[PDB]
Amino acid sequence: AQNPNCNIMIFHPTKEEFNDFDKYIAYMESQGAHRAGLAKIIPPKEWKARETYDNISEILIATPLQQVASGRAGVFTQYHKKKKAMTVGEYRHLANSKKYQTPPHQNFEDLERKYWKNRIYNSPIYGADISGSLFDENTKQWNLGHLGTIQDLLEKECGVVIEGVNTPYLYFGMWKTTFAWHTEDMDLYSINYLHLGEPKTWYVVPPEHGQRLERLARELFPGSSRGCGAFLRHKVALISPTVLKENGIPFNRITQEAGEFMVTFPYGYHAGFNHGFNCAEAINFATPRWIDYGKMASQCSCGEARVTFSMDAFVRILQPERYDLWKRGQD
Ligand SMILES: O=C(O)CNC(=O)C(=O)O
Ligand SMILES: [Mg+2]
Ligand code: NI
Ligand SMILES: [Zn+2]
């Protein structure tokens with residue numbers, strides 16, 4: 001078995017290997033990358049996402065989200081308070097302000113220490129989940145707006161044509177902005193490109209151990225767990241690496257820098273934080289190997305998770321027994 005310790009793997013494809021996206025994902029899996037739940041892909045030196053980032057300041061963040069924490073430093077939830085619209089240029093200036101800027105630090109490890117010590121005492125503002133793309137239309141390789149769609153994959157594997165669409169999302173971050181512990185909708189893959197700015201630190205639990213994280217989460221968030229049998233789908237719970245280690249949960253960590261891709265694999269729980277002002281693009285995708293994960297994915301039906309239009313068909317076709325309850329949660 002390749003990668004039996006489930007380490008995060010880093011890949012350096014050549015420009016020739018960067019042509020065929022599906023082929024390369026399958027290659028990474030042949031080497032055991034998916035066992036980690038997360039892999040890093042460093043693009044060939046010849047590649048670029050676009051020519052410059054000099055002209056992005058007029059993008060609008062219609063609903064910036066202030067991430068307010070509750071709990072203790074290593075075990076907390078966050079809720080998202082909606083703020084007034086602002087442009088990317090305004091948000092960048094806010095991120096760089098004395099109130100929100102990255103503190104002085106020695107290295108990524110020092111900064112990580114500071115994050116987990118102090119995160120709860122601040123409320124950073126995240127420009128998350130903005131439909132759009134920063135890839136140039138002429139970028140032919142690993143362009144996240146030109147990937148094969150999940151609806152086409154389901155049709156190719158299973159024969160059923162379905163409605164829905166699959167487009168990327170932009171994320172503008174600042175110091176301490178946080179992504180809570182989650183797997184993707186329908187336990188899909190994700191791919192994330194860090195276009196510019198400061199790094200993003202990731203934590204990940206191997207897919208084969210995801211239920212160990214779920215069991216800890218039910219212990220640590222006992223009210224939430226009574227409310228919903230899949231409350232991690234709400235994407236609000238944080239657990240620090242120290243707490244995970246104290247509880248014997250297998251996990252790994254890595255820091256993504258500008259110019260790098262990360263892929264999350266089906267049922268790979270992940271969480272993390274941004275180091276300072278940055279912009280990422282991410283989208284979900286599927287492969288043939290995903291279908292069995294999609295059929296077994298948990299679902300939130302309590303009403304909290306509320307998701308895209310396109311998840312309807314995935315539940316309807318892959319999980320017809322669950323469909324009626326899940327759709328009630330959507331309504
Ligand atoms: O970058 C973020 O805030 C969160 N991203 C993801 O969870 C992802 O790409 O799957
Ligand atoms: Mg602009
Ligand atoms: Ni994700
Ligand atoms: Zn729920």
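Positions are given from 1, in the same order as the sequence printed here. All heavy atoms count here, side chains included; hydrogens, waters and symmetry mates do not. Read the numbers this way: they start at 1 and go in the same order the structure lists the ligands and their atoms.
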* Using 30° and 60° as the class limits, which term best fits the ring planes of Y193 and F261: parallel, tilted or perpendicular? -> tilted
* Geometric class of the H182/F179 ring pair [parallel <30°, tilted 30-60°, perpendicular >60°] -> perpendicular
* Heavy-atom side-chain contact between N3 and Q31 under 4.5 Å -> no
* Asked: How many protein N, O or S atoms sit closer than 2.8 Å to the Ni ion (ligand 3)?
  -> 3
* Kindly say whether the aromatic ring centers of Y100 and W175 come within a distance under 6.0 Å. => no
* **Side-chain heavy atoms of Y203 within contact of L38, under 4.5 Å** => no
Measure and list all N/O to N/O distances between ligand 1 and the protein that fall under 3.5 angstrom.
residue, atom, partner, partner atom, Å
ligand 1, 1 (O), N192, ND2, 3.4
ligand 1, 1 (O), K200, NZ, 2.9
ligand 1, 3 (O), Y126, OH, 2.6
ligand 1, 7 (O), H182, NE2, 3.0
ligand 1, 7 (O), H270, NE2, 3.2
ligand 1, 9 (O), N192, ND2, 3.0
ligand 1, 10 (O), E184, OE2, 3.0
ligand 1, 10 (O), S190, OG, 2.7
ligand 1, 10 (O), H270, NE2, 3.2

* To do: Is it possible for you to say whether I42 and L196 belong to one hydrophobic cluster, with membership spreading through side-chain heavy-atom contacts below 4.5 Å?
  => no
* Can you check side chain to side chain donor-acceptor pair (under 3.5 Å) on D312 and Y323, steps first, answer last? -> CA-CA 8 Å; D312 192 280; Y323 182 69; 2.6 Å; yes
* Asked: Side chains of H275 and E257: donor-acceptor distance under 3.5 Å anywhere?
  -> no
* Output field: ring centroids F18/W142 closer than 6.0 Å -> yes
